[PDB]
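Enquirer: Enclosed are the sequence and the experimentally obtained structure.
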Amino acid sequence: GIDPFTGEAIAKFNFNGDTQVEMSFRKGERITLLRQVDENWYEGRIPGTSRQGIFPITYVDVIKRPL
């Protein structure tokens, strides 16, 4: 999240992805938001993890958003 265009989000609920493309996590995790892909998902990753994917907009609290 060095780059200012990225948004910061926290996990509200424990998300399991059902495809290879979706990123799975526990609640209370700080996810960086890359972009919002549509009405229901963002593309994201976790800081200093290899974990990247898409997740539901619903499971996460967005503080600052992708620009």
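Expert: Noted; the coordinates are in hand. Residues are numbered from 1 along each chain as shown.
Enquirer: Tell me which residue lies nearest the centroid of this protein.
Expert: Using Cα atoms, centre = their mean, the residue of the chain that lies closest to the mean C-alpha position is residue 44, 3.9 Å off.
Enquirer: Would you state the strands of the protein in chain order?
Expert: In the chain, the segments counted as strands under DSSP state E are 7-11, 30-36, 41-45, 52-56, 60-62.
Enquirer: Point out the other elements, helices or strands, that the first one touches.
Expert: Applying 3 or more Cβ pairs under 8 Å, 6 or more residues apart in numbering; DSSP states H and E, we find strand 7-11 packed against strand 30-36, strand 60-62. Heads up, the C-betas are built off the backbone N, CA and C, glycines and all.
Enquirer: just to revisit the earlier point, show me the contacts for the residue nearest to the centre of the chain.
Expert: For residue 44, the contact set (Cβ atoms under 8 Å, 6 or more residues apart in numbering) comprises 9, 23, 31, 32, 33, 34, 52, 53, 54, 55.
Enquirer: what separates it from residue 3, distance-wise?
Expert: Between residue 44 and residue 3 the computed distance is 14 Å (Cβ to Cβ, to the nearest Å).
Enquirer: can you list the residues that contact stretch 4-18?
Expert: Residues from elsewhere that reach stretch 4-18, judged by Cβ under 8 Å, 6+ apart: 1, 23-34, 42, 44, 53-56, 58-67.
Enquirer: Buried subset of the residues you listed as a PyMOL selection?
Expert: In PyMOL, this line selects whichever of the contacts of stretch 4-18 come out buried by 16 or more other Cβ atoms under 10 Å:
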select buried, resi 23+25+29+31+32+33+34+42+44+53+54+55+59+60+66
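Enquirer: show me the contacts for residue 25.
Expert: When contacts are counted by Cβ under 8 Å, 6+ apart, residue 25 is found next to 11, 14, 15, 31, 46, 51, 55.
Enquirer: My error: substitute residue 57 in the last question.
Expert: If a contact means Cβ under 8 Å, 6+ apart, then residue 57 has 36, 39, 40, 41, 42 as its contacts.
Enquirer: quick one: which two of these are the most distant?
Expert: Taking Cβ to Cβ, the two most distant members of the contacts of residue 57 are 39 and 42; they sit 10.6 Å apart.
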